[PDB]
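**Student:** Provided herewith: run_10.cif, mmCIF, C-alpha atoms and all ligand atoms.
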```cif
data_upload
#
loop_
_atom_site.label_atom_id
_atom_site.label_comp_id
_atom_site.auth_asym_id
_atom_site.auth_seq_id
_atom_site.Cartn_x
_atom_site.Cartn_y
_atom_site.Cartn_z
CA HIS A 4 -1.32 22.74 29.24
CA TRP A 5 -0.49 25.87 31.28
CA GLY A 6 -2.88 27.38 33.80
CA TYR A 7 -2.93 28.88 37.32
CA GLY A 8 -3.44 25.84 39.58
CA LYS A 9 -1.26 23.62 41.80
CA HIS A 10 -0.20 21.42 38.87
CA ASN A 11 0.02 23.77 35.90
CA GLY A 12 0.68 27.16 37.61
CA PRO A 13 3.47 29.79 37.24
CA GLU A 14 5.88 27.55 39.14
CA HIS A 15 5.54 24.89 36.39
CA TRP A 16 5.79 27.21 33.41
CA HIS A 17 9.59 27.06 33.16
CA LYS A 18 9.42 23.45 31.92
CA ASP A 19 7.80 24.26 28.52
CA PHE A 20 8.98 27.86 28.48
CA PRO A 21 12.64 28.06 29.75
CA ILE A 22 12.56 31.85 29.35
CA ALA A 23 10.30 31.83 32.49
CA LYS A 24 13.54 32.32 34.47
CA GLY A 25 15.03 34.76 31.93
CA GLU A 26 16.58 38.20 32.46
CA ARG A 27 13.59 40.50 31.69
CA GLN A 28 10.50 38.68 33.05
CA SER A 29 7.21 40.15 34.26
CA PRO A 30 5.55 41.14 36.39
CA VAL A 31 7.86 42.82 38.97
CA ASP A 32 7.34 44.62 42.23
CA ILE A 33 7.68 48.38 41.90
CA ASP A 34 9.66 49.72 44.81
CA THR A 35 8.64 53.43 44.77
CA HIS A 36 11.79 54.36 46.70
CA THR A 37 14.19 52.75 44.23
CA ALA A 38 12.45 53.96 41.03
CA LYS A 39 13.95 57.11 39.50
CA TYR A 40 12.39 60.06 37.70
CA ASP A 41 13.44 60.02 34.05
CA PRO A 42 13.89 63.44 32.35
CA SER A 43 14.64 61.86 28.92
CA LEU A 44 11.08 60.43 28.98
CA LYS A 45 8.79 62.00 26.33
CA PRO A 46 5.19 62.73 27.24
CA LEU A 47 3.03 59.58 26.93
CA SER A 48 0.45 59.56 24.09
CA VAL A 49 -2.54 57.22 24.23
CA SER A 50 -4.79 57.87 21.21
CA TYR A 51 -7.82 55.58 21.49
CA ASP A 52 -10.40 57.79 19.63
CA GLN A 53 -10.49 55.67 16.45
CA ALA A 54 -10.33 52.27 18.24
CA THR A 55 -12.36 49.42 16.68
CA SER A 56 -13.20 46.44 18.88
CA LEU A 57 -14.25 43.28 17.01
CA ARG A 58 -15.02 40.58 19.55
CA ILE A 59 -14.67 39.24 23.08
CA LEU A 60 -13.18 35.80 23.75
CA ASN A 61 -12.86 33.51 26.79
CA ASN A 62 -9.47 31.87 26.05
CA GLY A 63 -9.37 29.51 29.04
CA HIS A 64 -7.09 32.04 30.85
CA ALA A 65 -8.68 35.52 30.55
CA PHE A 66 -10.96 37.33 28.20
CA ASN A 67 -9.49 39.27 25.33
CA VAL A 68 -11.28 42.21 23.84
CA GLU A 69 -9.95 42.20 20.29
CA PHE A 70 -9.35 45.13 17.94
CA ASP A 71 -9.04 45.55 14.21
CA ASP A 72 -5.40 46.71 13.85
CA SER A 73 -5.23 46.56 10.01
CA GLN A 74 -5.09 50.36 10.17
CA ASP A 75 -3.18 52.89 12.26
CA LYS A 76 -6.16 53.92 14.46
CA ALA A 77 -5.67 53.09 18.21
CA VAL A 78 -2.03 53.84 19.18
CA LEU A 79 0.54 54.32 21.97
CA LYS A 80 3.43 56.67 21.34
CA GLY A 81 5.69 58.76 23.59
CA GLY A 82 7.07 57.82 26.98
CA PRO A 83 9.89 55.25 26.69
CA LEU A 84 8.55 54.26 23.26
CA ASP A 85 10.09 55.03 19.91
CA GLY A 86 7.68 55.13 16.98
CA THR A 87 4.19 53.71 16.80
CA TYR A 88 2.58 50.85 18.71
CA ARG A 89 -0.85 49.57 17.54
CA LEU A 90 -3.54 48.35 19.93
CA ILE A 91 -4.30 44.66 19.26
CA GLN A 92 -6.18 43.56 22.42
CA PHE A 93 -6.96 44.04 26.09
CA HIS A 94 -7.52 41.70 29.04
CA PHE A 95 -7.32 41.48 32.82
CA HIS A 96 -5.95 39.45 35.74
CA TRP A 97 -7.92 39.40 39.00
CA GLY A 98 -8.25 37.61 42.34
CA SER A 99 -10.62 35.37 44.33
CA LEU A 100 -10.57 37.99 47.10
CA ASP A 101 -10.14 41.83 46.82
CA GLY A 102 -6.63 41.74 48.41
CA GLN A 103 -5.08 39.85 45.51
CA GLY A 104 -5.27 39.92 41.72
CA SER A 105 -2.75 42.33 40.18
CA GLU A 106 0.40 41.07 38.56
CA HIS A 107 2.50 44.16 39.22
CA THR A 108 2.64 45.24 42.89
CA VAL A 109 3.57 48.64 44.43
CA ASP A 110 5.86 48.39 47.42
CA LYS A 111 4.53 44.80 47.63
CA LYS A 112 0.87 46.01 47.60
CA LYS A 113 -1.53 43.78 45.63
CA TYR A 114 -4.59 45.41 44.00
CA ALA A 115 -7.80 43.46 43.28
CA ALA A 116 -7.07 43.41 39.51
CA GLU A 117 -4.90 44.61 36.61
CA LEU A 118 -5.74 45.63 33.07
CA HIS A 119 -3.31 45.19 30.19
CA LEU A 120 -3.78 46.94 26.88
CA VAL A 121 -1.42 45.24 24.41
CA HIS A 122 0.26 47.05 21.44
CA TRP A 123 2.66 46.01 18.61
CA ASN A 124 5.40 48.19 17.08
CA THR A 125 4.31 49.05 13.61
CA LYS A 127 7.90 49.12 12.14
CA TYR A 128 7.51 45.26 12.24
CA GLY A 129 4.45 45.10 9.96
CA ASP A 130 2.58 42.43 11.86
CA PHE A 131 2.15 41.33 15.41
CA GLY A 132 3.82 38.00 14.61
CA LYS A 133 7.00 39.72 13.44
CA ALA A 134 6.92 42.14 16.36
CA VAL A 135 7.18 39.32 18.94
CA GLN A 136 10.44 38.18 17.45
CA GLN A 137 11.69 41.64 18.55
CA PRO A 138 13.15 42.97 21.83
CA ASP A 139 11.18 46.19 21.32
CA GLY A 140 8.23 44.40 19.70
CA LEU A 141 5.48 45.10 22.24
CA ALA A 142 4.29 47.86 24.53
CA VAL A 143 1.83 46.90 27.28
CA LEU A 144 -0.05 49.60 29.22
CA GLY A 145 -0.79 48.39 32.79
CA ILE A 146 -3.60 49.75 34.96
CA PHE A 147 -4.45 48.70 38.50
CA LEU A 148 -8.00 48.10 39.77
CA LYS A 149 -9.22 48.54 43.33
CA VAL A 150 -12.70 47.95 44.65
CA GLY A 151 -14.67 51.10 45.32
CA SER A 152 -17.25 52.91 43.21
CA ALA A 153 -18.20 51.35 39.92
CA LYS A 154 -16.45 52.06 36.66
CA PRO A 155 -19.16 52.97 34.19
CA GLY A 156 -16.85 52.47 31.20
CA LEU A 157 -16.31 48.84 32.25
CA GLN A 158 -20.03 47.95 32.45
CA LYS A 159 -20.35 46.69 28.80
CA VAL A 160 -17.55 44.22 29.41
CA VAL A 161 -19.20 43.01 32.63
CA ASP A 162 -22.65 42.47 31.08
CA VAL A 163 -21.36 40.48 28.09
CA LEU A 164 -19.51 37.96 30.33
CA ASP A 165 -22.54 35.59 30.40
CA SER A 166 -22.07 35.38 26.61
CA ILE A 167 -18.63 33.91 27.04
CA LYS A 168 -18.79 31.85 30.22
CA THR A 169 -16.50 28.99 29.14
CA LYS A 170 -13.22 28.28 27.33
CA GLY A 171 -13.90 28.63 23.61
CA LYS A 172 -16.81 31.05 23.55
CA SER A 173 -16.66 34.36 21.69
CA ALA A 174 -19.12 37.24 21.42
CA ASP A 175 -19.43 39.92 18.87
CA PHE A 176 -18.04 42.96 20.70
CA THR A 177 -17.94 46.01 18.37
CA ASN A 178 -17.78 49.78 19.25
CA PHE A 179 -16.21 49.40 22.70
CA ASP A 180 -14.27 52.48 23.81
CA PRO A 181 -11.15 51.66 25.88
CA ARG A 182 -10.86 55.35 26.77
CA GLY A 183 -13.50 54.47 29.40
CA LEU A 184 -10.85 52.42 31.23
CA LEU A 185 -8.08 54.98 31.69
CA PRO A 186 -7.64 56.73 35.04
CA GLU A 187 -7.39 60.49 34.89
CA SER A 188 -3.59 60.58 35.36
CA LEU A 189 -1.05 59.15 32.90
CA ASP A 190 1.79 59.06 35.51
CA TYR A 191 3.62 55.71 35.21
CA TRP A 192 6.60 53.48 35.90
CA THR A 193 8.44 51.82 32.95
CA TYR A 194 10.82 48.89 32.55
CA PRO A 195 11.65 46.35 29.82
CA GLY A 196 9.88 43.03 30.45
CA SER A 197 7.93 40.05 29.16
CA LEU A 198 4.50 38.63 28.49
CA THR A 199 3.19 37.50 31.88
CA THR A 200 1.67 34.34 30.33
CA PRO A 201 3.33 31.70 28.19
CA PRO A 202 5.22 32.02 25.96
CA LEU A 203 6.47 34.81 28.29
CA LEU A 204 8.33 36.36 25.31
CA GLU A 205 10.71 39.16 26.40
CA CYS A 206 9.38 41.64 23.93
CA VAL A 207 7.62 44.21 26.15
CA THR A 208 8.17 47.79 27.25
CA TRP A 209 5.88 48.02 30.27
CA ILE A 210 4.21 51.27 31.06
CA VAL A 211 2.42 50.74 34.38
CA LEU A 212 0.10 53.55 35.48
CA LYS A 213 0.36 54.82 39.08
CA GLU A 214 -3.29 55.91 39.56
CA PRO A 215 -5.53 52.85 39.76
CA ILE A 216 -9.12 52.75 38.50
CA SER A 217 -11.80 51.76 40.98
CA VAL A 218 -14.50 49.24 40.01
CA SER A 219 -17.46 47.99 42.10
CA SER A 220 -17.62 44.90 44.33
CA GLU A 221 -20.47 43.78 42.04
CA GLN A 222 -18.24 44.41 38.91
CA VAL A 223 -15.19 42.29 40.03
CA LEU A 224 -17.73 39.70 41.22
CA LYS A 225 -18.88 38.98 37.64
CA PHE A 226 -15.25 38.41 36.45
CA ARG A 227 -15.14 35.75 39.19
CA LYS A 228 -18.23 33.95 37.74
CA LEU A 229 -16.28 33.31 34.55
CA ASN A 230 -15.05 29.77 33.84
CA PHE A 231 -11.59 28.36 33.18
CA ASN A 232 -13.14 25.13 31.85
CA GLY A 233 -14.80 24.70 28.42
CA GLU A 234 -18.52 24.00 27.89
CA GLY A 235 -19.82 20.97 29.79
CA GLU A 236 -16.79 20.36 32.04
CA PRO A 237 -16.22 20.51 35.85
CA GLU A 238 -16.61 24.10 37.08
CA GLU A 239 -13.34 25.90 37.81
CA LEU A 240 -14.08 29.53 38.57
CA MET A 241 -11.74 31.85 36.66
CA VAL A 242 -10.06 33.47 39.68
CA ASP A 243 -6.44 34.30 40.50
CA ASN A 244 -5.29 34.26 36.87
CA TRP A 245 -2.21 36.30 37.86
CA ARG A 246 1.55 35.69 37.83
CA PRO A 247 3.51 36.77 40.98
CA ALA A 248 6.32 39.35 40.89
CA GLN A 249 9.54 38.11 39.17
CA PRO A 250 13.17 39.00 40.03
CA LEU A 251 14.07 42.51 38.83
CA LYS A 252 17.65 41.40 37.96
CA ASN A 253 18.94 44.99 38.38
CA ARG A 254 16.86 46.34 35.55
CA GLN A 255 15.92 49.87 36.54
CA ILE A 256 12.29 50.96 36.87
CA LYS A 257 11.95 54.56 35.69
CA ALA A 258 9.26 57.04 36.75
CA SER A 259 7.62 59.63 34.52
CA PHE A 260 6.93 61.81 37.61
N1 LIG A 301 -0.36 39.85 30.02
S1 LIG A 301 0.47 40.17 28.84
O1 LIG A 301 1.90 40.22 29.31
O2 LIG A 301 0.13 41.50 28.27
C1 LIG A 301 0.13 39.00 27.66
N2 LIG A 301 0.21 37.63 27.81
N3 LIG A 301 -0.16 36.92 26.62
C2 LIG A 301 -0.54 37.73 25.57
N4 LIG A 301 -0.93 37.29 24.30
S2 LIG A 301 -1.31 38.26 23.16
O3 LIG A 301 -0.07 38.82 22.72
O4 LIG A 301 -2.09 39.34 23.69
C3 LIG A 301 -2.05 37.80 21.79
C4 LIG A 301 -2.75 38.79 21.07
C5 LIG A 301 -3.42 38.53 19.87
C6 LIG A 301 -3.38 37.25 19.34
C7 LIG A 301 -2.67 36.24 20.01
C8 LIG A 301 -2.65 34.85 19.42
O5 LIG A 301 -3.70 34.25 19.24
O6 LIG A 301 -1.38 34.20 19.06
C9 LIG A 301 -0.63 33.45 20.02
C10 LIG A 301 0.55 34.27 20.54
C11 LIG A 301 1.76 33.40 20.88
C12 LIG A 301 1.43 32.31 21.89
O7 LIG A 301 1.30 31.01 21.28
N5 LIG A 301 2.36 30.28 20.81
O8 LIG A 301 2.12 29.06 20.17
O9 LIG A 301 3.52 30.67 20.92
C13 LIG A 301 -2.01 36.52 21.23
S3 LIG A 301 -0.44 39.38 26.07
HG HG A 302 11.34 39.49 21.91
ZN ZN A 303 -1.86 40.47 30.93
#
```
Could you write out this structure as structure tokens?
**Tutor:**
Amino acid sequence: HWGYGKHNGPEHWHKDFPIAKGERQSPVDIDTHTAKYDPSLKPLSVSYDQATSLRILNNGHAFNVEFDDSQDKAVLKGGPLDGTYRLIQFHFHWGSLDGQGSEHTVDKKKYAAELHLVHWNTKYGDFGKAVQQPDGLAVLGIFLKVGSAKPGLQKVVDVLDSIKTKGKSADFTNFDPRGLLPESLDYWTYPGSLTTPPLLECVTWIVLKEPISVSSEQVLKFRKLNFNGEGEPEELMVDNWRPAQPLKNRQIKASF
């Protein structure tokens, strides 16, 4: 099945998932000089105060931190969004070196990592219904560069021994994602897709401009993670990112 190597990487995905060459695929490069300020954009609202993390899972691609979304607790509203989007999970893509890792790039600049917090539109009742919908998902993208440590990321980092290999999960309750926001909510927004198969074209992207900085020692632990399952050849989980995909004259709008 799909992965990030020579034989199962992003260049092979189109075979099982034709939509991989669709009209609103992700990620894209954000050309800061072509993006336009959008006055019709509402203020963005990220309410993560009542968020309830359940568990952390190595899925053979990333780790997902998973949330109980049976209630209307952690939510994205505002911005390009209409109505309410519920937080279901978060995860990252990172590099083998600090000069690669992000999925979205800024004027072709690659950051060491990118965080995606994934939300479903509550008019659709479940997540599964939402992904049959053009406005089904909202993902909130955040860049990571290597500098001073992010204290709010340290609980994720320390638990990663728990979930070394494909399959493993760890109980992961009371994690606060608020610890992972940068101070500014300035952002670019376009309609796009999941960046992993099935690459469903269901996402309003809200990519934050200000990146968070994490330590060299922090990103280093992500890199110790395994692609393989327990007792298999060691493939370090590095470079689990998709490259920028053709814009196809969508317009990227700026909140600033
Ligand atoms: N990087 S990204 O653009 O944000 C994503 N790339 N992939 C993402 N997946 S997910 O939205 O988060 C997610 C969430 C909760 C449960 C599940 C889940 O366990 O169900 C499988 C989802 C359909 C794929 O399988 N399939 O047979 O079609 C998945 S999000
Ligand atoms: Hg869709
Ligand atoms: Zn992602």
**Student:** Given a cut-off of 6 Å, what residues near ligand HG 302 (chain A) show up using only C-alpha atoms and all ligand atoms, put as a VMD selection string?
**Tutor:** chain A and resid 135 to 138 204 to 206
**Student:** Could you give me, as an MDAnalysis selection string, every polymer residue with an atom at most 7 Å away from an atom of ligand LIG 301 (chain A), counting all atoms listed in the file?
**Tutor:** chainID A and resid 91:92 119:121 143 197:203
**Student:** Please provide the set of residues having any atom within 9 Å of residue A:169, restricted to all atoms listed in the file, with same-chain residues fewer than 4 positions apart removed, written as a ChimeraX atom specification.
**Tutor:** /A:61-63,229-235
**Student:** Considering only C-alpha atoms, state which residue in the set A:17, A:149, A:64, A:80 is at the smallest distance from residue A:214.
**Tutor:**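 Of A:17, A:149, A:64, A:80, the one nearest residue A:214 is A:149, counting only C-alpha atoms.
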**Student:** Find the distance between atom CA of residue A:122 and atom CA of residue A:140 and write it in Å to one decimal.
**Tutor:**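 Separating atom CA of residue A:122 from atom CA of residue A:140 is a distance of 8.6 Å.
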**Student:** Select, from A:52, A:180, A:41, A:139, the residue with the minimum atom-to-atom distance to residue A:193, counting only C-alpha atoms.
**Tutor:**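 For residue A:193, the nearest of the given residues is A:41.
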**Student:** Measuring atom to atom with only C-alpha atoms, identify which of A:158, A:125, A:35, A:222 is nearest to residue A:191.
**Tutor:**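 That would be A:35, the residue with the smallest distance to residue A:191.
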**Student:** At what distance in Å, to one decimal, does atom CA of residue A:29 lie from atom CA of residue A:69?
**Tutor:**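 About the pair atom CA of residue A:69 and atom CA of residue A:29: they are 22.2 Å apart.
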**Student:** Counting only C-alpha atoms, which residues sit no farther than 7 Å from the position (-6.1, 35.6, 32.4) in the file's frame? I'd like them as a VMD selection string.
**Tutor:** chain A and resid 64 to 66 95 to 96 244 to 245
**Student:** A:11, A:105, A:43, A:255: which is nearest ligand ZN 303 (chain A), counting all atoms listed in the file?
**Tutor:** A:105
**Student:** Let me make sure I understand: among A:50, A:217, A:103, A:124, which one has the smallest atom-to-atom distance to residue A:247 if we use only C-alpha atoms?
**Tutor:**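 Answer, going by the shortest atom-to-atom distance: A:103.
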**Student:** Of the candidates A:27, A:257, A:58, A:107, which shows the shortest atom-to-atom distance to ligand ZN 303 (chain A), using only C-alpha atoms and all ligand atoms?
**Tutor:**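 The closest residue to ligand ZN 303 (chain A) is A:107.
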**Student:** So which residues fall inside 6 Å of (5.1, 49.1, 32.4) if we count only C-alpha atoms? Mind giving them as a ChimeraX atom specification?
**Tutor:** /A:145,192-194,209-211
**Student:** Could you save the residues just selected, with C-alpha atoms, as a compact mmCIF listing (two decimals), keeping the file's coordinate frame?
**Tutor:**
```
# COMPACT_ATOMS: atom_id res chain seq x y z
CA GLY A 145 -0.79 48.39 32.79
CA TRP A 192 6.60 53.48 35.90
CA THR A 193 8.44 51.82 32.95
CA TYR A 194 10.82 48.89 32.55
CA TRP A 209 5.88 48.02 30.27
CA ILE A 210 4.21 51.27 31.06
CA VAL A 211 2.42 50.74 34.38
```
**Student:** So which residues touch residue A:98 within 10 Å, counting all atoms listed in the file, skipping near sequence neighbours fewer than 4 positions away, as a ChimeraX atom specification?
**Tutor:** /A:102-105,113-117,223-224,226-227,241-245
**Student:** Output C-alpha atoms of each residue in that selection to a file, as a compact mmCIF listing (two decimals), in the frame of the given file.
**Tutor:**
```txt
# COMPACT_ATOMS: atom_id res chain seq x y z
CA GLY A 102 -6.63 41.74 48.41
CA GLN A 103 -5.08 39.85 45.51
CA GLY A 104 -5.27 39.92 41.72
CA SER A 105 -2.75 42.33 40.18
CA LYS A 113 -1.53 43.78 45.63
CA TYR A 114 -4.59 45.41 44.00
CA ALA A 115 -7.80 43.46 43.28
CA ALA A 116 -7.07 43.41 39.51
CA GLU A 117 -4.90 44.61 36.61
CA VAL A 223 -15.19 42.29 40.03
CA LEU A 224 -17.73 39.70 41.22
CA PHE A 226 -15.25 38.41 36.45
CA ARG A 227 -15.14 35.75 39.19
CA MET A 241 -11.74 31.85 36.66
CA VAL A 242 -10.06 33.47 39.68
CA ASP A 243 -6.44 34.30 40.50
CA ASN A 244 -5.29 34.26 36.87
CA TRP A 245 -2.21 36.30 37.86
```
**Student:** Expressed in Å to a single decimal, how great is the separation between atom CA of residue A:152 and atom CA of residue A:172?
**Tutor:**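 For atom CA of residue A:152 relative to atom CA of residue A:172, the distance reads 29.4 Å.
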**Student:** I'd like the neighbourhood of residue A:175 as a list in words, where a residue qualifies if any of its atoms comes within 10 Å (using all atoms listed in the file), though same-chain residues fewer than 4 positions away should be ignored.
**Tutor:** residues 56, 57, 58, 59, 60, 68, 69, 163 and 166 of chain A
**Student:** Dump C-alpha atoms for the selected residues as a compact mmCIF listing (two decimals), in the frame of the given file?
**Tutor:**
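Saved result, part-v7.txt, follows:
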```txt
# COMPACT_ATOMS: atom_id res chain seq x y z
CA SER A 56 -13.20 46.44 18.88
CA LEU A 57 -14.25 43.28 17.01
CA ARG A 58 -15.02 40.58 19.55
CA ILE A 59 -14.67 39.24 23.08
CA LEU A 60 -13.18 35.80 23.75
CA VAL A 68 -11.28 42.21 23.84
CA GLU A 69 -9.95 42.20 20.29
CA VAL A 163 -21.36 40.48 28.09
CA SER A 166 -22.07 35.38 26.61
```
**Student:** Near residue A:253, within 12 Å and counting only C-alpha atoms, which residues show up once chain neighbours fewer than 6 positions away are dropped, as a VMD selection string?
**Tutor:** chain A and resid 26 to 28 31 37 to 38 194 to 195
**Student:** Which residues, written as a list in words, have at least one atom at most 10 Å from residue A:155, with only C-alpha atoms counted and residues fewer than 2 positions away on the same chain left out?
**Tutor:**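 Counting only the stated atoms, we get residues 152, 153, 157, 158, 159, 183, 184, 218, 219 and 222 of chain A.
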**Student:** Box for stretch 144-155 of chain A - axis-aligned, 5 Å on each of the six sides, all listed atoms - centre and size in Å to one decimal, as AutoDock Vina command-line options.
**Tutor:**
```
--center_x -9.6 --center_y 50.5 --center_z 37.3 --size_x 29.1 --size_y 15.0 --size_z 26.1
```
